[PDB]
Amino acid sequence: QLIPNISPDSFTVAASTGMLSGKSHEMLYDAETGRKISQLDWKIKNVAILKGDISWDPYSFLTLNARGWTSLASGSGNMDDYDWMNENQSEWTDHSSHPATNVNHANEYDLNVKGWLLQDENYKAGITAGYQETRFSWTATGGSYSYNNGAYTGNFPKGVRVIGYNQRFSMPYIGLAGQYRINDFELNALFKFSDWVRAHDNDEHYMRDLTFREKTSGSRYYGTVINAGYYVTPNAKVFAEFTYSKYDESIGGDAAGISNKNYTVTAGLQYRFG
């Protein structure tokens, strides 16, 4: 006991468990006018996740880090599907609702380096660069629909898959990293940024016998990771961690939009091996 034991050339392993929530958008625009034609909102309500982190400090100023998380199994979601079929009307004309939407899986990994530019007894600050990929998959089942401004309504067959959807975001990124420590308490914060996001999606409209594929390049991402922990021993830190990620926006170029926001909240244990 005392303060944390941090030796040269040491490494850490951490695992945490908790929840993922968020919302993705799947967009179709009229490439000619920029007008939005379709928008599907895909919610992630509660998905249980397991998250891991391994870090190695080969030098006092350099950290190498591999981290990731995965859904433990499918989780709960929701999907709402809007179309603006009337160019002479601002409100959408069609809305389908699918409360019975499953989040089949979600995962992420992030490989990065941190270079510490400022270091003292209680504070650390540096820059980070890395590569990250995140994937989400949903299946919307059953549900109801209102078409033509509510003139026509009805239900999809209960439990039958209607639309399958998956997204993938891949990017190199850069960022800033900070740490504050007093006694046995430690706070880490990271801010991440990219203007180089590559996004892909696949959509299966099972009842229409249609499949869509969209891709966009050069979009923006912002993310943060905040971790607050307590060293119960000099080598073992129990912690809670919050992350937030925003990915800004057959189908290409000006017709496509693919976006996501998500957050995670987890708790776990980090151990440092001298």
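Note that residue numbering follows the sequence shown and begins at 1.
Coordinates are absent for 10 or more residues of the deposited sequence placed between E249 and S250. Stretches 121 to 129 and 105 to 113 differ in mean CA B factor, with 121 to 129 having the higher one.
Remark: stretch with higher mean C-alpha B factor among 142 to 150 and 200 to 208 is 142 to 150. The entry lists C-alpha B-factors for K192, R168, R181, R161, and the highest of these is at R181. Ranking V13, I258, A255, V265 by the C-alpha B-factor listed in the PDB entry places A255 at the top. When the modelled residues of the chain are ordered by their C-alpha B factor, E91 lands in the highest third.
When the CA B factors of the chain's modelled residues are split into thirds, the value for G52 lands in the middle one. Looking at the C-alpha B-factors along this chain, the one for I174 belongs to the lowest third. Sort the modelled residues of the chain by CA B factor and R35 lands in the highest third. When the CA B factors of the chain's modelled residues are split into thirds, the value for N5 lands in the middle one.
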